[PDB]
Amino acid sequence: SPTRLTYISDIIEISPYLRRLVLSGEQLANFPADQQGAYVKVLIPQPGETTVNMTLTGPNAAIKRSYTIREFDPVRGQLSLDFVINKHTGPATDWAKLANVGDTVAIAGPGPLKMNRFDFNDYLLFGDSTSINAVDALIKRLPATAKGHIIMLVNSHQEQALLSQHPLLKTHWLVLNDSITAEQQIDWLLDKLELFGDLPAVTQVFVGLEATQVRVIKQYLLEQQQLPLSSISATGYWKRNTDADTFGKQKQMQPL
Ligand SMILES: Cc1cc2nc3c(=O)[nH]c(=O)nc-3n(C[C@H](O)[C@H](O)[C@H](O)COP(=O)(O)OP(=O)(O)OC[C@H]3O[C@@H](n4cnc5c(N)ncnc54)[C@H](O)[C@@H]3O)c2cc1C
Ligand SMILES: [Mg+2]
Ligand SMILES: [Mg+2]
Ligand SMILES: [Mg+2]
Ligand SMILES: [Mg+2]
Ligand code: NA
Ligand code: NA
Ligand code: NA
Ligand code: NA
Ligand code: NA
Ligand code: NA
Ligand code: NA
Ligand code: NA
Ligand code: NA
Ligand code: NA
Ligand code: NA
Ligand code: NA
Ligand code: NA
Ligand code: NA
Ligand code: NA
Ligand code: NA
Ligand code: NA
Ligand code: NA
Ligand code: NA
Ligand code: NA
Ligand code: NA
Ligand code: NA
Ligand code: NA
Ligand code: NA
């Protein structure tokens with residue numbers, strides 16, 4: 001896929017921890033129209049710089065980070081991405097918090113879609129503010145008859161509106177704050193799992209969460225609920241105390 005030069009045409013705060021950037025430009029005119037919930041790699045300039053180049057490796061290559069397509073309107077040729085802000089420090093979140101309309105942004109991708117099948121009727125969808133737009137994309141493709149649960153960790157009640165309604169899927173939300181420890185988050189996730197009891201054997205599961213959360217949920221599903229591996233689409237979106245490049249190489253060595 002060709003790297004594309006885009007322009008920020010709008011910025012909107014969605015919550016105190018989530019900033020939507022709307023990208024525009026003639027380079028998006030032929031962007032693929034079927035990739036909601038897929039990710040792109042955003043090139044991030046060095047702090048206090050604005051330019052990036054096409055160098056692949058070494059000290060002059062741009063930092064790259066993965067962000068989910070919230071919306072691509074082909075009539076309008078505009079791409080929306082929702083960046084978590086004010087929860088951590090790193091090149092992309094820092095850059096996103098300070099970005100302005102008219103700034104240019106180079107993007108690559110989209111990357112290969114890793115997502116569940118849309119044709120079943122039993123689902124658990126686990127996500128957080130980093131994966132919420134992948135969860136939304138999946139919900140909007142499921143049959144109206146699909147039963148199950150949506151289980152989300154968000155940084156603000158305001159983020160809940162990002163998920164499509166669905167007639168039957170039941171939502172469960174935990175709004176995070178600094179008093180809720182990593183262990184308590186895992187306890188909450190496992191508490192929800194146990195509350196679902198014996199899962200239908202045909203249940204399909206999406207997980208897009210922090211790396212250890214993914215490990216715990218996946219192991220529970222495989223060993224306690226005995227779901228087939230093929231029924232789980234699990235991705236570690238981020239990992240505590242680990243930058244994206246380090247994390248990427250960890251996942252290459254040992255996939256989740
Ligand atoms: C397919 C895919 C799609 C993604 N889509 C989105 C998206 O749409 N929106 C989004 O915000 N993120 C998304 N992410 C996650 C995003 O790529 C990471 O959060 C990334 O680490 C952010 O880059 P950074 O440069 O800000 O921080 P990094 O330099 O990668 O990390 C620096 C520090 O920040 C920690 N950290 C990173 N992210 C978080 C976080 N959200 N919360 C708390 N601590 C964090 C790290 O553990 C590390 O210690 C996606 C990831 C994947 C794999
Ligand atoms: Mg353009
Ligand atoms: Mg993030
Ligand atoms: Mg942040
Ligand atoms: Mg969709
Ligand atoms: Na909002
Ligand atoms: Na808003
Ligand atoms: Na957020
Ligand atoms: Na243009
Ligand atoms: Na993708
Ligand atoms: Na730069
Ligand atoms: Na560069
Ligand atoms: Na190149
Ligand atoms: Na070079
Ligand atoms: Na995604
Ligand atoms: Na997004
Ligand atoms: Na997001
Ligand atoms: Na920030
Ligand atoms: Na971010
Ligand atoms: Na599936
Ligand atoms: Na998202
Ligand atoms: Na649907
Ligand atoms: Na569909
Ligand atoms: Na609903
Ligand atoms: Na903890
Ligand atoms: Na999480
Ligand atoms: Na199993
Ligand atoms: Na299966
Ligand atoms: Na399957």
# chains A, B, ... in the order shown; residues from 1 in each chain; ligands from 1
call {"tool": "closest_atom_pairs", "arguments": {"of": "chain A", "to": "ligand 8", "cutoff": "9 Å", "atoms": "only C-alpha atoms and all ligand atoms", "output": "CSV"}}
result
residue,atom,partner,partner_atom_place_in_ligand_line,distance
A:14,CA,ligand 8,1 (Na),8.5
A:15,CA,ligand 8,1 (Na),6.9
A:16,CA,ligand 8,1 (Na),7.4
A:17,CA,ligand 8,1 (Na),4.2
A:18,CA,ligand 8,1 (Na),4.3
A:19,CA,ligand 8,1 (Na),8.0
A:82,CA,ligand 8,1 (Na),8.4
A:83,CA,ligand 8,1 (Na),7.3
A:84,CA,ligand 8,1 (Na),4.5
A:85,CA,ligand 8,1 (Na),6.4
A:86,CA,ligand 8,1 (Na),8.1
A:87,CA,ligand 8,1 (Na),7.6
A:128,CA,ligand 8,1 (Na),8.1
A:129,CA,ligand 8,1 (Na),4.8
A:130,CA,ligand 8,1 (Na),7.1
A:154,CA,ligand 8,1 (Na),6.2
A:155,CA,ligand 8,1 (Na),4.7
A:156,CA,ligand 8,1 (Na),6.8
A:159,CA,ligand 8,1 (Na),7.1
call {"tool": "residues_around", "arguments": {"residues": "stretch 105-112 of chain A", "least_positions_apart": "3", "cutoff": "7 Å", "atoms": "only C-alpha atoms", "output": "ChimeraX atom specification"}}
result
/A:1-7,38-43
call {"tool": "residues_near_ligand", "arguments": {"ligand": "ligand 29", "cutoff": "7 Å", "atoms": "only C-alpha atoms and all ligand atoms", "output": "list in words"}}
result
residues 117, 204, 230 and 231 of chain A
call {"tool": "write_last_selection", "arguments": {"atoms": "N, CA and C atoms", "output": "PDB file, in the first residue's frame"}}
result
ATOM      1  N   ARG A 117     -15.647 -13.610  12.209  1.00  0.00           N
ATOM      2  CA  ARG A 117     -16.692 -13.817  11.231  1.00  0.00           C
ATOM      3  C   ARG A 117     -17.970 -13.108  11.667  1.00  0.00           C
ATOM      4  N   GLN A 204     -18.317 -16.959  19.216  1.00  0.00           N
ATOM      5  CA  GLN A 204     -17.166 -16.290  18.623  1.00  0.00           C
ATOM      6  C   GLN A 204     -16.749 -15.141  19.526  1.00  0.00           C
ATOM      7  N   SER A 230     -10.045 -21.396  16.706  1.00  0.00           N
ATOM      8  CA  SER A 230     -10.533 -20.716  15.518  1.00  0.00           C
ATOM      9  C   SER A 230     -11.643 -19.712  15.801  1.00  0.00           C
ATOM     10  N   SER A 231     -12.297 -19.830  16.949  1.00  0.00           N
ATOM     11  CA  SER A 231     -13.407 -18.950  17.307  1.00  0.00           C
ATOM     12  C   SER A 231     -12.974 -17.658  17.989  1.00  0.00           C
TER      13      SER A 231
END
call {"tool": "closest_residue", "arguments": {"among": "A:180, A:44, A:81, A:151", "to": "residue A:64", "atoms": "only C-alpha atoms"}}
result
A:44
call {"tool": "select_by_dssp", "arguments": {"residues": "stretch 151-202 of chain A", "states": "strand (DSSP E)", "output": "ChimeraX atom specification"}}
result
/A:151-154,170-175
call {"tool": "residues_around", "arguments": {"residues": "residue A:45", "least_positions_apart": "6", "cutoff": "10 Å", "atoms": "only C-alpha atoms", "output": "list in words"}}
result
residues 51, 52, 53, 61, 62, 63, 64, 91, 92, 95, 105 and 106 of chain A
call {"tool": "closest_residue", "arguments": {"among": "A:79, A:244, A:201, A:189", "to": "ligand 3", "atoms": "only C-alpha atoms and all ligand atoms"}}
result
A:244
call {"tool": "residues_near_ligand", "arguments": {"ligand": "ligand 20", "cutoff": "12 Å", "atoms": "only C-alpha atoms and all ligand atoms", "output": "NGL selection string"}}
result
:A and (114-125 or 138 or 142 or 202-207 or 227-234)
call {"tool": "residues_around", "arguments": {"residues": "residue A:102", "least_positions_apart": "5", "cutoff": "9 Å", "atoms": "only C-alpha atoms", "output": "PyMOL selection string"}}
result
chain A and resi 7-10
call {"tool": "atom_distance", "arguments": {"atom1": "atom 13 (C, counted along the ligand's line) of ligand 1", "atom2": "atom 1 (Na, counted along the ligand's line) of ligand 17"}}
result
5.7 Å
call {"tool": "residues_near_ligand", "arguments": {"ligand": "ligand 13", "cutoff": "7 Å", "atoms": "only C-alpha atoms and all ligand atoms", "output": "PDB file with N, CA, C and O atoms, in the first residue's frame"}}
result
ATOM      1  N   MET A  54      10.399   9.194   3.880  1.00  0.00           N
ATOM      2  CA  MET A  54      10.082   7.819   3.488  1.00  0.00           C
ATOM      3  C   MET A  54      11.160   6.808   3.894  1.00  0.00           C
ATOM      4  O   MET A  54      11.081   5.628   3.510  1.00  0.00           O
ATOM      5  N   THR A  55      12.157   7.231   4.667  1.00  0.00           N
ATOM      6  CA  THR A  55      13.203   6.319   5.100  1.00  0.00           C
ATOM      7  C   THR A  55      12.595   5.187   5.935  1.00  0.00           C
ATOM      8  O   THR A  55      11.716   5.408   6.773  1.00  0.00           O
ATOM      9  N   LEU A  56      13.066   3.965   5.706  1.00  0.00           N
ATOM     10  CA  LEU A  56      12.464   2.796   6.355  1.00  0.00           C
ATOM     11  C   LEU A  56      13.027   2.492   7.729  1.00  0.00           C
ATOM     12  O   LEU A  56      12.282   2.121   8.640  1.00  0.00           O
TER      13      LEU A  56
END
call {"tool": "atom_distance", "arguments": {"atom1": "atom CA of residue A:126", "atom2": "atom 1 (Na, counted along the ligand's line) of ligand 24"}}
result
15.3 Å
call {"tool": "atom_distance", "arguments": {"atom1": "atom CA of residue A:162", "atom2": "atom CA of residue A:196"}}
result
24.0 Å
call {"tool": "residues_around", "arguments": {"residues": "residue A:186", "least_positions_apart": "3", "cutoff": "9 Å", "atoms": "only C-alpha atoms", "output": "number ranges by chain"}}
result
A: 181-183, 189-191, 212-213, 216-217
call {"tool": "closest_residue", "arguments": {"among": "A:37, A:143, A:90, A:48", "to": "ligand 22", "atoms": "only C-alpha atoms and all ligand atoms"}}
result
A:143
call {"tool": "closest_residue", "arguments": {"among": "A:209, A:168, A:163, A:199", "to": "residue A:226", "atoms": "only C-alpha atoms"}}
result
A:199
call {"tool": "closest_residue", "arguments": {"among": "A:89, A:179, A:158, A:35", "to": "ligand 18", "atoms": "only C-alpha atoms and all ligand atoms"}}
result
A:89
call {"tool": "decode", "arguments": {"residues": "stretch 110-144 of chain A", "atoms": "N, CA and C atoms", "output": "mmCIF file, in the first residue's frame"}}
result
data_model
loop_
_atom_site.group_PDB
_atom_site.id
_atom_site.type_symbol
_atom_site.label_atom_id
_atom_site.label_comp_id
_atom_site.auth_asym_id
_atom_site.auth_seq_id
_atom_site.Cartn_x
_atom_site.Cartn_y
_atom_site.Cartn_z
ATOM 1 N N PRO A 110 -4.319 0.430 4.843
ATOM 2 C CA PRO A 110 -4.534 -0.292 6.092
ATOM 3 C C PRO A 110 -3.825 -1.617 6.168
ATOM 4 N N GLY A 111 -3.609 -2.081 7.391
ATOM 5 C CA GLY A 111 -3.012 -3.377 7.616
ATOM 6 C C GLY A 111 -4.070 -4.450 7.476
ATOM 7 N N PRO A 112 -3.634 -5.717 7.419
ATOM 8 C CA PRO A 112 -4.529 -6.876 7.317
ATOM 9 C C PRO A 112 -5.582 -6.879 8.412
ATOM 10 N N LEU A 113 -6.845 -7.053 8.029
ATOM 11 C CA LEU A 113 -7.921 -7.075 9.009
ATOM 12 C C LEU A 113 -7.900 -8.394 9.769
ATOM 13 N N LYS A 114 -7.808 -8.302 11.093
ATOM 14 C CA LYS A 114 -7.949 -9.472 11.962
ATOM 15 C C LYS A 114 -9.208 -9.286 12.785
ATOM 16 N N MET A 115 -10.264 -10.004 12.410
ATOM 17 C CA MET A 115 -11.579 -9.792 13.004
ATOM 18 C C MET A 115 -12.455 -11.013 12.787
ATOM 19 N N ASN A 116 -13.393 -11.216 13.698
ATOM 20 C CA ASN A 116 -14.259 -12.362 13.670
ATOM 21 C C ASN A 116 -15.161 -12.410 12.470
ATOM 22 N N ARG A 117 -15.647 -13.610 12.209
ATOM 23 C CA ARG A 117 -16.692 -13.817 11.231
ATOM 24 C C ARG A 117 -17.970 -13.108 11.667
ATOM 25 N N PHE A 118 -18.789 -12.755 10.679
ATOM 26 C CA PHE A 118 -19.984 -11.936 10.875
ATOM 27 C C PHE A 118 -21.263 -12.766 10.804
ATOM 28 N N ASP A 119 -21.152 -14.074 10.581
ATOM 29 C CA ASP A 119 -22.311 -14.893 10.203
ATOM 30 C C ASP A 119 -22.852 -15.785 11.316
ATOM 31 N N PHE A 120 -22.271 -15.710 12.504
ATOM 32 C CA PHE A 120 -22.739 -16.521 13.622
ATOM 33 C C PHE A 120 -23.746 -15.721 14.445
ATOM 34 N N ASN A 121 -24.224 -16.321 15.530
ATOM 35 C CA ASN A 121 -25.264 -15.706 16.349
ATOM 36 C C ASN A 121 -24.972 -15.730 17.835
ATOM 37 N N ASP A 122 -23.700 -15.920 18.172
ATOM 38 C CA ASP A 122 -23.249 -15.956 19.560
ATOM 39 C C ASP A 122 -21.882 -15.315 19.625
ATOM 40 N N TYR A 123 -21.796 -14.188 20.340
ATOM 41 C CA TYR A 123 -20.579 -13.377 20.389
ATOM 42 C C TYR A 123 -20.292 -12.820 21.773
ATOM 43 N N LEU A 124 -19.001 -12.791 22.108
ATOM 44 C CA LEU A 124 -18.478 -11.932 23.167
ATOM 45 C C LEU A 124 -17.481 -10.989 22.521
ATOM 46 N N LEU A 125 -17.628 -9.686 22.768
ATOM 47 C CA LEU A 125 -16.719 -8.690 22.206
ATOM 48 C C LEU A 125 -16.100 -7.901 23.349
ATOM 49 N N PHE A 126 -14.788 -8.036 23.528
ATOM 50 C CA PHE A 126 -14.036 -7.373 24.588
ATOM 51 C C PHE A 126 -13.165 -6.290 23.998
ATOM 52 N N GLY A 127 -13.265 -5.078 24.530
ATOM 53 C CA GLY A 127 -12.421 -4.009 24.053
ATOM 54 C C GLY A 127 -12.190 -2.918 25.067
ATOM 55 N N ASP A 128 -11.440 -1.911 24.641
ATOM 56 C CA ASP A 128 -11.133 -0.767 25.479
ATOM 57 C C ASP A 128 -11.058 0.464 24.580
ATOM 58 N N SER A 129 -10.643 1.602 25.120
ATOM 59 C CA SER A 129 -10.658 2.829 24.323
ATOM 60 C C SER A 129 -9.753 2.776 23.105
ATOM 61 N N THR A 130 -8.747 1.900 23.109
ATOM 62 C CA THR A 130 -7.886 1.750 21.930
ATOM 63 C C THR A 130 -8.521 0.930 20.820
ATOM 64 N N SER A 131 -9.406 0.015 21.189
ATOM 65 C CA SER A 131 -10.021 -0.885 20.225
ATOM 66 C C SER A 131 -11.513 -0.647 20.003
ATOM 67 N N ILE A 132 -12.064 0.389 20.637
ATOM 68 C CA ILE A 132 -13.510 0.626 20.605
ATOM 69 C C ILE A 132 -14.051 0.759 19.182
ATOM 70 N N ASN A 133 -13.258 1.318 18.280
ATOM 71 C CA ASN A 133 -13.733 1.491 16.911
ATOM 72 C C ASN A 133 -13.688 0.216 16.097
ATOM 73 N N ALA A 134 -12.858 -0.730 16.509
ATOM 74 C CA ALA A 134 -12.905 -2.078 15.937
ATOM 75 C C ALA A 134 -14.118 -2.837 16.475
ATOM 76 N N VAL A 135 -14.420 -2.679 17.765
ATOM 77 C CA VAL A 135 -15.634 -3.262 18.317
ATOM 78 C C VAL A 135 -16.889 -2.725 17.612
ATOM 79 N N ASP A 136 -16.947 -1.413 17.436
ATOM 80 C CA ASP A 136 -18.086 -0.814 16.747
ATOM 81 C C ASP A 136 -18.232 -1.347 15.333
ATOM 82 N N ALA A 137 -17.114 -1.438 14.616
ATOM 83 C CA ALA A 137 -17.162 -1.919 13.250
ATOM 84 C C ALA A 137 -17.739 -3.326 13.185
ATOM 85 N N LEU A 138 -17.333 -4.171 14.121
ATOM 86 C CA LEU A 138 -17.819 -5.540 14.179
ATOM 87 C C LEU A 138 -19.307 -5.581 14.536
ATOM 88 N N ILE A 139 -19.733 -4.827 15.546
ATOM 89 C CA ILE A 139 -21.146 -4.823 15.927
ATOM 90 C C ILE A 139 -22.042 -4.512 14.738
ATOM 91 N N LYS A 140 -21.642 -3.528 13.941
ATOM 92 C CA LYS A 140 -22.470 -3.084 12.817
ATOM 93 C C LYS A 140 -22.578 -4.082 11.676
ATOM 94 N N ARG A 141 -21.785 -5.154 11.730
ATOM 95 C CA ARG A 141 -21.873 -6.218 10.733
ATOM 96 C C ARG A 141 -22.547 -7.489 11.228
ATOM 97 N N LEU A 142 -22.822 -7.603 12.518
ATOM 98 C CA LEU A 142 -23.404 -8.836 13.032
ATOM 99 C C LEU A 142 -24.889 -8.930 12.713
ATOM 100 N N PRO A 143 -25.434 -10.148 12.638
ATOM 101 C CA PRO A 143 -26.876 -10.267 12.406
ATOM 102 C C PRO A 143 -27.653 -9.653 13.565
ATOM 103 N N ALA A 144 -28.847 -9.154 13.270
ATOM 104 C CA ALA A 144 -29.721 -8.605 14.297
ATOM 105 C C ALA A 144 -30.082 -9.642 15.350
#
